[PDB]
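A quick write-up on the structure given underneath.
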Amino acid sequence: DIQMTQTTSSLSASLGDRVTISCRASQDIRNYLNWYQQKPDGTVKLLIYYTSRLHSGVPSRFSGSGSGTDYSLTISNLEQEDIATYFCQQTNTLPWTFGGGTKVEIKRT
Amino acid sequence: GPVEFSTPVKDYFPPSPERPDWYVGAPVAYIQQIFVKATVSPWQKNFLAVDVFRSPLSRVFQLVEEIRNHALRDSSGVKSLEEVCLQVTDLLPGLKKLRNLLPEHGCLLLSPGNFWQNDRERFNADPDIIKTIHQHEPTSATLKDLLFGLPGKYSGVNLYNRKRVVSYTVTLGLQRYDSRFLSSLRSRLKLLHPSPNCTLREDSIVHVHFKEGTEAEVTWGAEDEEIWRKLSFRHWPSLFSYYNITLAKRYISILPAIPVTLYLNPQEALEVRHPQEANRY
Amino acid sequence: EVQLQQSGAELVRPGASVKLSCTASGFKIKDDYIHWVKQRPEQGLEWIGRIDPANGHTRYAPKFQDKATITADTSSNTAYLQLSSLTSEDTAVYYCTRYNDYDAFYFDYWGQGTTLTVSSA
Ligand SMILES: *[C@@H]1O[C@H](CO)[C@@H](O[C@@H]2O[C@H](CO)[C@@H](O)[C@H](O)[C@H]2NC(C)=O)[C@H](O)[C@H]1NC(C)=O
């Protein structure tokens, strides 16, 4: 019912750089947005919940912000371990909807 | 047999005149306290003593609406508060003087907002909060204690508050126990109003059997644990007697309290003032 | 130490029925909802459904009402997802997960994922 859209499906960055993923909800979701990371191996891991809250064990370089329909994840300093796909899930209206993932990669070709 | 609780474990405490003899049936009601601490954190000169508590008290109406309208999204059972809370119909035929001060029909829910019929407009048109609160003080528990949920000196609603932190409570009486709904309510309140370093215990239910210049900060400590224990002995029997409910041979179950923290800014602290209290104080 | 071990890769014919399994360790499935999610490349992730093992009460997205059937055995501490009337569009990775906060509803822990392939070969 609620459609979540991530603007960029791919993003190129460099070590120590500030990275920003963004996604937009089709309607108000009242800050009920969670951010997940999926490795190329396939294992998923919760990063953020309720749009700003860090899940225990997540490095502090991750942060979240946003409201209304627009939300954004931020990586303060891209680490080599932060190469993955990032998904935003809305838990406002009952059928949970995920946003198309955004891949993060190193600068080359 | 007594109702079953898995994670929160049982505890027994009868006020004097494995399984005690009296812990047999279901409780008359479960008691859920939402314990609110509030402060106008950036303080200034030129603020009057009343500004210490008026703006914090003005949030009780929105908080009560939030609690009453809470719905458990993705529920496998009880969804809303109305499906689980204790229903009251009429006060005693005598003692109707407490009309529009205690809930007659529907869910049993008490809070300071009851002094103004849960009406923010009526609160805004009130020039003397202290007078309104103390208008019915004289024994049994007082109306102020019943509505605030705290002894009264802990509340901080007074003209001599030096720490400028005001505490009150919203009291819910529940006919049924639902772990999912209650955990959802706690999670909602702690998401909306995070507490800085709240250390309140959350794993014990107490069964009670009645026989016959700088910025201020909100702190949570051992003095806030089991705050209900510092209410009067007659507090709960007197609350329930107003609705023709007797706790003589039965017991009640008090659940761990849900903390709430409110930080208010000078903009709200100013927008809330009633123009006629500037001249007095 | 919370883990959600999932079964191995599955290969089945179209029109058959599969039952993927997910065994919890470090916690009792009775204590939380168990959810199944579907990842398909070029479509991303999507929610199938969940079960409350204490009640046996399941719920699904409207896409999977007639496709998926979620169940749970508390004694074996294992949740199951059954797919029926399989087709090529069921070739995907299926994740078993849960949530732990009942207002935020975030999936804190995930299984490694089970690949399901539907081909005539
Ligand atoms: C308060 O409730 C009690 C319990 O119902 C009432 O006491 C008795 O209730 C039974 C049940 O209907 C009646 O058959 C008895 O006649 C009641 N006895 C007395 C002495 O009242 C009691 O009446 C209720 N009080 C009020 C004010 O409604």
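Labels used: A, B, ... for chains in the order of the structure tokens, numbers from 1 for residues in each chain, and numbers from 1 for ligands as shown.
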
Discussion item. As a ChimeraX atom specification, could you give me every residue of chain B near chain A (at most 12 Å apart, counting only C-alpha atoms)?
Written reply: /B:71-75,187-188,190-192,194

Discussion item. So that I can see what lies close to residue 64 (chain A), please list as a PyMOL selection string the residues with an atom at most 10 Å from it, counting only C-alpha atoms and leaving out residues fewer than 2 positions away in the same chain.
Written reply: chain A and resi 20-22+33-35+47-54+62+66+71-75

Practice prompt. Give as a ChimeraX atom specification the residues surrounding ligand 1 up to a distance of 9 Å, considering only C-alpha atoms and all ligand atoms.
Written response: /B:90-94,243-246

Item to complete: Hey, list the chain A side of the contact with chain C: 6 Å cut-off, only C-alpha atoms, answer as a VMD selection string.
Response: chain A and resid 43 46 95 100

Take the residues from that selection and put them in a file with N, CA and C atoms, as a PDB file, in the first residue's frame.
```pdb
ATOM      1  N   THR A  43      23.779 -11.802   4.139  1.00  0.00           N
ATOM      2  CA  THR A  43      23.282 -11.664   5.499  1.00  0.00           C
ATOM      3  C   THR A  43      22.811 -10.239   5.749  1.00  0.00           C
ATOM      4  N   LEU A  46      20.111  -5.157  10.904  1.00  0.00           N
ATOM      5  CA  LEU A  46      19.446  -3.896  11.197  1.00  0.00           C
ATOM      6  C   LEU A  46      20.474  -2.832  11.557  1.00  0.00           C
ATOM      7  N   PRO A  95       0.983  -3.711   5.979  1.00  0.00           N
ATOM      8  CA  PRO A  95       1.861  -4.526   5.128  1.00  0.00           C
ATOM      9  C   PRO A  95       3.213  -3.855   4.968  1.00  0.00           C
ATOM     10  N   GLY A 100      13.645  -0.133  -2.623  1.00  0.00           N
ATOM     11  CA  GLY A 100      14.664  -0.749  -3.448  1.00  0.00           C
ATOM     12  C   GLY A 100      16.040  -0.384  -2.939  1.00  0.00           C
TER      13      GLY A 100
END
```

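If we count only C-alpha atoms, these residues of chain C sit within 8 Å of chain B: residues 52, 55, 57, 58, 101, 102, 103 and 104 of chain C.
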
Discussion item. At a cut-off of 10 Å, using only C-alpha atoms, what residues contact residue 14 (chain A)? Leave out same-chain residues fewer than 4 positions from it and give the result as a count of residues only.
Written reply: 11
